[PDB]
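Take a look at this one chain, the form deposited in one PDB entry, written out in structure tokens.
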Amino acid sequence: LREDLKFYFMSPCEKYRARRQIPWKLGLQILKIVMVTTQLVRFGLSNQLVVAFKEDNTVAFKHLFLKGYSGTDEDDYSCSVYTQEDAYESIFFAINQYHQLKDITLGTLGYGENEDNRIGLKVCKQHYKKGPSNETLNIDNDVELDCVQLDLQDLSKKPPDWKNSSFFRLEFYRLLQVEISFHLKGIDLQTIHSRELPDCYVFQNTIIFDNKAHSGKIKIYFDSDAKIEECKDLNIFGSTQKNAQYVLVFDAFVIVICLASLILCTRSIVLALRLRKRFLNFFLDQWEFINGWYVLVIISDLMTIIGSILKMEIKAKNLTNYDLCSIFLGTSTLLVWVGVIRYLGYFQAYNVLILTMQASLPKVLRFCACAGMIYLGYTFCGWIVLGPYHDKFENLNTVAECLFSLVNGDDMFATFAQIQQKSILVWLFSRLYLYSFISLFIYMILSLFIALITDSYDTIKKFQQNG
């Protein structure tokens, strides 16, 4: 039935005068765009404050408890020691700084009760089970774990006997690690200006003096786990914070709107399929009656719904970890803004470029299929050869990202210079390898990617012009 199929394939701008139907579903989609974007913005702006407070407190803790800390971490660990005396100095510094906390800290910070309800410091050792050294070792396979609890009144003793205790004989040739752990209370007092009750915090802090490698270096890790707990005893005049109602009602509105959009899009797909079957049955156009933009909308609505549920759960349980909810909401927003291109396609000057991209994607991917085998071979060869001599080739994922950046011309000279001429064979191989890869990929593969795009544009343009 032509009188209906043409109306279906039309645009909303024309339907308003072919049948004078108002485009309320387009208004629903615009409202969804606005509400999703504003929800994401509010969520990010609220997360920034909590993340900043936790990270700043962690930096202050590193400066307070780590001896000689320079303010920047050494890779995944804060600092390291190489001498038998440096380790003792760092451990005793951490303990002594814990003892004097009230006199040194600039924050609104204090001691917290541990799991045993004691206020104090726990330090643990892990040594091999038996222990002459280096020549006739008796070291057994399994480990012995020893811990001691030091309370504030123990550290206070005029002569801190604990420092002379038998516990601190570290026999570093058997040592696996030493762990220092304690709890601290905190308050995010900066929030007081809102007249809301300020958020308290509890920090679970651990210092790990790690020499699993037994290579003569101890790596020092500082970790802090922060929980909100409860502002249970404070006399700060003002008001409490029950804005959850407001935030929970906006999330409910977002969920409802996304649900409505999903229902309407699925209904549109069902109607299009009924039209397709009617066309198939009517008489002996293309099979693709399904509008592909509807699928993207359905995916985005599902992700937005589940991310909003996750956000409501996190707020209700007063959690402070946002990774999965952030991923869901951000991907939903990304797909929501991509879907705006559907409304630009209703105009001729914009449609040809969209059709050019649609024609471009498959052949570019089929050429990526060929390029990927050369890429894999080069990744394996660079990892196996240059890895022991180059920081950018240490492991396979770093190799892949280095090569991907190198195809785009990034950091090329540093990549060339970063490998020493200590081994002449490896240096010559590195020169051959880098020259071949960079030349082939930049000057041939990327040039064929430009040629394919240009040919797709020419094809689409000549189709649109000639008809």
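The term rigid core refers to the most C-alpha atoms you can superpose between the two forms while keeping them within 1.5 Å. Residue numbers here begin at 1 and follow the sequence given.
Asker: Compared with other deposited entries of this protein, is residue 219 missing coordinates in at least a third of those that cover its neighbours?
Answerer: No, residue 219 has coordinates in all the other entries compared.
Asker: Does residue 285 go missing in at least one third of the other entries compared here?
Answerer: Yes; at least one third of the other entries leave residue 285 out.
Asker: I'd like the number of residues from the deposited sequence that lie between residue 377 and residue 378 yet are not in the model, binned as none, 1 to 3, 4 to 9, or 10 or more.
Answerer: Missing residues, residue 377 to residue 378: none.
Asker: With respect to the deposited sequence, is there a break between residue 284 and residue 285 in this entry, and if so is it 1 to 3, 4 to 9, or 10 or more residues, or none at all?
Answerer: 10 or more residues are missing.
Separately, the form deposited in another entry exists; it is not shown, and the next lines address it.
Asker: Tell me, which of 312, 208, 264, 353 is the one whose C-alpha shifts by at least 2 Å between this form and the one not shown, with the rigid core superposed?
Answerer: With the rigid core fitted, the residue that moves is 353.
Asker: Verify the C-alpha shift of residue 10 between this form and the one not shown: is it 2 Å or more after superposing the core?
Answerer: No, the C-alpha position differs by under 2 Å between this form and the one not shown.
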